[PDB]
């Protein structure tokens, strides 16, 4: 299996561009930067509102937890190649503690409101706006030969006052090479596509589109997370109860995959559940037939059938967002 678009990007570019292990970091002044208050926490890092002492400018200070050097160079090389692109977070400087040598990535300052508090308040149009903006980041990165692999709400920063969006946390992103076999333990359980759940390792840019589709479904149905599994196996069951098992079997036979007895017995047999059955009084103001048509084309077992970021931006669901930009 190979990407239907942008398959040769890295093929045509200098090795330096995609070869991140040969990277040698140029560090800066740690004391240029001061912490003011914590704003985030993760298994891989801690995040802080900071100050640049030189120019008295606000910034983002991300302090990384002890981790392998290769992962940290990868994220840095990717941030550099993406710097400047639409809606992507900007790496400004890189520093580290002398004594313990824990590194810190300094970014352009970004404002955010927790999504659990922000999503309940979003309008029909807001959702088209912010998704379009997100799709512009995704098409940019894919066009530069990169997969993000961790798309989910906590990774999209939104300053709703300025209606500015930034895709963050590039700690799990990778470069794409035709035929290459990737690691399936990427992304949050709730946002993992079927390829990651049936061990199909030669995935491509379309992984990100599945995750996007899950994010979108949670938003329009006001059910977050949309597919809510307690473990990986539970996750695939939850999906199969929605898309149906016929599509699953077709998918498995085309790539010639076979599920192990445990999972297979659990999946069982289920007829498709029509998207309309998910509409209720709590989300009725968000669900439209165009949103449904869009969503339908994103959540497809077969990664090769899924819309690209570029085709997706040309969907009529976004027709008004586009017209507002052409002026």
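Each form is matched to the other, and the largest set of C-alpha atoms that superpose within 1.5 Å is called the rigid core. Numbering follows the first chain given and starts at 1.
Greater C-alpha displacement in 9 other deposited structures of this protein (rigid core superposition, RMS over structures and residues), of 91-99 versus 237-245: 91-99. Remark: when the other structures in 9 other deposited structures of this protein are fitted onto this one via the rigid core, 100-108 deviates more than the alternative among 143-151 and 100-108, judged by RMS CA distance.
Relative to its counterpart among 285-293 and 267-275, 267-275 has the higher mean temperature factor, C-alpha atoms as listed in the PDB entry.
The mean C-alpha temperature factor is higher for 179-187 when 203-211 and 179-187 are set side by side.
Based on the entry's C-alpha B-factors, the most elevated value among 36, 63, 298, 60 belongs to 36.
Note on the listed residues 141, 257, 172, 131: the highest Cα temperature factor in the record is that of 257. Sort the modelled residues of the chain by CA B factor and residue 145 lands in the lowest third. Per-chain ranking of the deposited C-alpha B factor places residue 221 in the lowest third. For residue 12, the recorded CA temperature factor ranks within the highest third of the chain's modelled residues. Among the modelled residues of the chain, residue 246 sits in the highest third by CA temperature factor in this PDB entry. Ranked within its chain, residue 235 lands in the lowest third, by CA B factor from the PDB record.
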